[PDB]
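In case you want the letters, here they are:
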Amino acid sequence: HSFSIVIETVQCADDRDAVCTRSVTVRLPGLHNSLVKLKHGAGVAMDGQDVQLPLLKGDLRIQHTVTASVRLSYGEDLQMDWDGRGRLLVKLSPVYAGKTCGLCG
Amino acid sequence: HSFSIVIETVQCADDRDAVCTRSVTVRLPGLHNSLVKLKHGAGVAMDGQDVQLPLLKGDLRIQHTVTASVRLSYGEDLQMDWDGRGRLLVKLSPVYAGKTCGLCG
Amino acid sequence: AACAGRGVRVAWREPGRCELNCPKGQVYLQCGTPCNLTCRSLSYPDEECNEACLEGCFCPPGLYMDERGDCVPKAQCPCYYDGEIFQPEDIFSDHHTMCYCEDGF
Amino acid sequence: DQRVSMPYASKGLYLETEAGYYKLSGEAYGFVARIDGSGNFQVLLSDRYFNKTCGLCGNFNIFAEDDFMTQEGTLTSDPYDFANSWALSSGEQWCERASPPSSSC
Ligand SMILES: *[C@@H]1O[C@H](CO)[C@@H](O)[C@H](O)[C@H]1NC(C)=O
Ligand SMILES: *[C@@H]1O[C@H](CO)[C@@H](O)[C@H](O)[C@H]1NC(C)=O
Ligand SMILES: [Ca+2]
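Residues numbered from 1 in each chain as written, not as in the entry; some residues may be left out. Chains lettered and ligands numbered in written order. Part of a larger assembly, values for the part shown. Heavy atoms only, no water.

Visitor: Can you lay out the overall build of chain C for me, pointing to particular residues and giving the numbers?
Guide: Across its full length, chain C holds 2 helices and 8 strands. Its helices and strands taken in sequence order, chain C reads α-β-α-β-β-β-β-β-β-β from the N to the C terminus. What you see for chain C is a C-alpha radius of gyration of 17 Å, clearly larger than the 13 Å of a compact globule of 105 residues, by over 25%. Dimensions of chain C along its principal axes, counting C-alpha atoms only, are 60 × 30 × 20 Å. Burial analysis of chain C (105 residues in total) assigns 29% to the buried set. Summarising the internal contacts of chain C: among those between residues at least 6 apart in sequence, 49% fall at separations of at least 24. Positive and negative side-chain charges in chain C, numbering 8 and 17 respectively, have mean positions lying 15 Å apart. (Helix = DSSP H or I, 4+ residues; strand = E, 2+ residues; numbered from the N terminus. Rg over C-alpha atoms; globule rule 2.2 N^0.38 Å. Buried < 20%, exposed > 50% of the residue type's maximum accessible area, 1.4 Å probe, protein only. Contact = heavy atoms within 4.5 Å. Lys, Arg positive; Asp, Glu negative; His and termini not counted. Charge placed at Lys NZ, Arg CZ, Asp CG, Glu CD.)

Given below as structure tokens:
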């Protein structure tokens, strides 16, 4: 349970089949159970408070990608890249191989 | 003690006599004893977290002035305006008249 | 992006589709190096950075990227110290340290 | 801002030729200075200023190694930090921090 990633999905057009991620939530129990929300428009909040994005406290790091996408890291073994427009890429090191659960298997 | 304002003074040149305020610190005991730091370059931190403006948190509000100066308000009775270059203006309503102490009397 | 994850880079954008039009002063690159784009990279030049060359908007080869998103020569970058921002040729002096901002450091 | 012919004398200073070289004496104040034909400067201080002077010519005491005293009152191991610490800007020009020349010997 070193990390948990959750997505908020919403209808993203008039169509019923147009559904996309609005925001992302990362819970980090090892980081004193901090909750990081990645918002629409590539903002970030930590424990509900909006943060100036270059953040490096503890094992957590958050940064502006040159794409203006939010990049998040939590040691070497977890990384994330959130575009603010419903695209989320999650990278795990082989340390998590076989250990994961959720929609990404 | 509903509020306290502290200034950090440094020698802002090689000249002995060139001393100016580098940063400001505000303690707000009624706001769960929040500590707000107003930084050189007009940045803001709260309890050590680098917050992103605008901010609203109960009675506290923090905002960028058109001057790019940080404006802070704690209710209607305390206001502050920090330029990030060592200029600090502090406005108190007459509720505080006779009640203050520190360098501003 | 999946191609680039497998190390194949595709020149797929064109004026008929999906040009990654940059803000003024920046230039598009199909692949640019991220680690030395920001003024913060000058301000923390000992930091670890190993991230691969990637698509985005970059400053022209002699210029660094400022907080305004504008591109500035190295001599015009602000300096970042204790998470606090100082302009070119700023001095501060104190009982612990005496420091000055030059070349973004 | 007015050009004046040599020899000259005013306000207790005497400015004259001596030994074919341009001389500027102020022994009422307790100094004398000269520029030779090659453009080398020299300055002499009376014992009135022993351990009571500062600037690029040092601090005038039995020690040679406690020179390089900055206007910030620190020592420095770097002659350019010392000398730039004693730089004086004016309405005629405001001046940059100088640095060592390139070399290839
Ligand atoms: C960043 O590094 C590359 C080489 O990897 C270089 O070509 C480029 O000019 C550098 N950027 C700046 C602003 O110096
Ligand atoms: C020079 O002056 C300093 C005070 O600024 C004093 O501490 C020191 O002892 C003096 N040295 C001599 C040789 O008089
Ligand atoms: Ca000496």
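Still more ground to cover, so stick around.
Visitor: Pulling in residues and values, what's your account of the sheet that holds strand β1 (residues 4–11) of chain A?
Guide: Residues and elements named next belong to chain A. Ordered in space as β1-β2-β3-β4-β5, the 5 strands form an open sheet in which the pairing is antiparallel. On the outer flanks of this sheet lie β1 and β5 (49–50), each paired with one strand and no other. Pairing of strand β4 (residues 44–46) with β5 involves 2 bridges; the strand directions are antiparallel. Note that in β5 the partner of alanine 45 across the bridge is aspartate 50. (Pairing = 2+ DSSP bridges.)

Visitor: If you had to explain the site of ligand 1 to someone new, which residues and values would you point to?
Guide: Residue and element names in this part refer to chain C. Taken together, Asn36, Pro61, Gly62, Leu63 and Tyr64 make up the full set of residues near ligand 1. Starting from 360 Å² of accessible surface for ligand 1 in isolation, the protein chains cover 49%. Residues belonging to the shell around ligand 1 are distributed by class as follows: 3 nonpolar, 2 polar and no charged. (Near = heavy atom within 4 Å. Areas by Shrake-Rupley, 256 points an atom, 1.4 Å probe, with all protein chains shown as cover. Nonpolar A, V, L, I, M, F, W, Y, C, P; charged D, E, K, R; others polar.)

Visitor: Before we move on, can you summarise the interface of chain D and chain B with the specific residues and values?
Guide: Facing 4 residues of chain D, the contacting portion of chain B comprises 5 residues. Buried area between chain D and chain B, both sides added, is near 300 Å², and the carbon and sulfur share of it is 38%. It is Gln71, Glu72 and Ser85 of chain D in chain D that bury the most area against chain B; as a group they hold 86% of the surface buried on that side. The interface formed by chain D and chain B contains 0 salt bridges. In this assembly, chain D and chain B are joined by 1 residue pair in polar contact. (Buried area = accessible area lost by both parts, 1.4 Å probe. Salt bridge = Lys/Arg side-chain N within 4 Å of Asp/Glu carboxyl O. Polar contact = N/O pair within 3.5 Å; in protein donor to acceptor, adjacent residues only side chain to side chain.)

Visitor: A description of the state of the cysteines should follow, citing residues and the corresponding values.
Guide: Residues and elements named next belong to chain C. Within the structure shown, the criterion is met by 8 disulfides over all chains. The partner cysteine of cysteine 22 in its disulfide is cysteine 57, sulfur to sulfur 2.0 Å. Taking the sign of the torsion about the S-S bond as the criterion, the disulfide between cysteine 22 and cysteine 57, at about -85°, is left-handed. Pair noted here: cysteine 22 is in the loop between α1 (2–5) and β1 (27–32) and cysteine 57 is in strand β2 (residues 54–58), with a separation of 35 residues, a long-range link. The class for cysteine 22 is partly exposed, based on a relative accessible area of 22%. (Disulfide = S-S within 2.5 Å.)

Visitor: Help me get a handle on the pattern of salt bridges, residues and values and all.
Guide: Tallied over the entire structure, the rule returns 14 salt bridges over all chains. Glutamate 14 of chain C is the partner of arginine 17 of chain C in a salt bridge, and the nearest nitrogen-oxygen pair spans 3.9 Å. When salt bridges with common partners are traced through the structure, they connect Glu8 and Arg22 of chain B together with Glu84 of chain C into a single cluster.

Visitor: Can you lay out the arrangement of the chains for me, pointing to particular residues and giving the numbers?
Guide: Counting contacts across all 5 pairs of chains found in contact, the highest total belongs to chains B and C. Across the gap from chain A to chain D, with no contact made, the nearest C-alpha atoms are 31 Å apart.

Visitor: Just give me the short version of the pairing of strand β2 (residues 13–18) of chain D, but keep the residues and values in it.
Guide: All names here are of chain D. In terms of strand pairing, strand β1 (residues 8–10) meets β2 through 3 bridges, oriented antiparallel. Bridged to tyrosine 8 within β2 is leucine 15. The antiparallel hairpin formed by β1 and β2 contains 2 residues in its connecting segment, where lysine 11 sits at a positive phi of about 50°. Where β2 meets strand β3 (residues 21–26), 5 bridges bridge the pair, whose relative direction is antiparallel. Paired with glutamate 18 across the two strands is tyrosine 21, which belongs to β3. Between the antiparallel neighbours β2 and β3 lie 2 residues, among them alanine 19 with a positive phi of about 50°.

Visitor: Got a sec to walk through the coordination of the calcium ion (ligand 3)? Specific residues and values, please.
Guide: Those protein atoms acting as donors to the calcium ion (ligand 3) are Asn59 of chain D (OD1), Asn61 of chain D (OD1), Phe63 of chain D (O), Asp66 of chain D (OD) and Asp67 of chain D (OD), and they sit at 2.2 to 2.3 Å. Read in sequence order, the donor residues coordinating the calcium ion (ligand 3) give the pattern N-x1-N-x1-F-x2-D-D. (Donors = N, O, S within 2.8 Å, 3.2 Å for Na, K, Ca; no water.)

Visitor: Break down empty space enclosed by the protein for me, with residues and values.
Guide: For the structure shown, the criterion picks out 1 cavity of 30 Å³ or more. Volume-wise, the largest cavity comes out at about 30 Å³. Residue assignment for the lining of the largest cavity shows that the elements contributing at least two residues are β8 (98–100) of chain C together with α1 (79–85) of chain D. (1 Å grid on protein atoms, 1.4 Å probe; cavity = no way out; pocket = protein on both sides within 12 Å on 5 of 7 lines; lining within 4 Å. Points joined across faces, edges and corners; volume = space filled by probe spheres on them.)

Visitor: Please give an account of the environment of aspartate 17 of chain B that cites residues and values.
Guide: Residues and elements named next belong to chain B. Here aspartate 17 lies in the loop between β1 (4–11) and β2 (19–28). Residue classification places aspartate 17 among the exposed positions, given a relative accessible area of 54%. Distance in space between the C-alpha atoms of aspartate 17 and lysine 37 is 25 Å, their sequence separation being 20 residues.

Visitor: Quick rundown of the pairing of strand β4 (residues 31–35) of chain D? Include the residues and the values.
Guide: All names here are of chain D. Where β3 lies against β4, 5 bridges are found, and the strand directions are antiparallel. In the sheet register, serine 25 faces β4, and the bridge partner there is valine 32. Connecting the antiparallel pair β3 and β4 is a turn made up of 4 residues, with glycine 30 showing a positive phi of about 100°. Two elements, β4 and strand β5 (residues 41–45), share 5 bridges in a ladder whose sense is antiparallel. Bridge pairing in β5 links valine 32 to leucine 44. In textbook terms, the turn of a hairpin is the stretch between consecutive antiparallel strands, and for β4 and β5 this stretch comprises 5 residues, one of which, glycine 39, has a positive phi near 90°.

Visitor: Provide a residue-level description of the interface of chain B and chain C, including the pertinent values.
Guide: The interface of chain B with chain C comprises 11 residues on the first partner and 9 residues on the second. Regarding the contact of chain B and chain C, the summed buried area is about 930 Å², with carbon and sulfur atoms giving 46% of it. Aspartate 90 of chain C is the partner of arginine 85 of chain B in a salt bridge, and the nearest nitrogen-oxygen pair spans 3.0 Å. Breaking the side of chain B that touches chain C down by element, the ones donating at least two residues are β1 and β2 of chain B. Considering only residue class, the side of chain B that touches chain C consists of 3 nonpolar, 4 polar and 4 charged.

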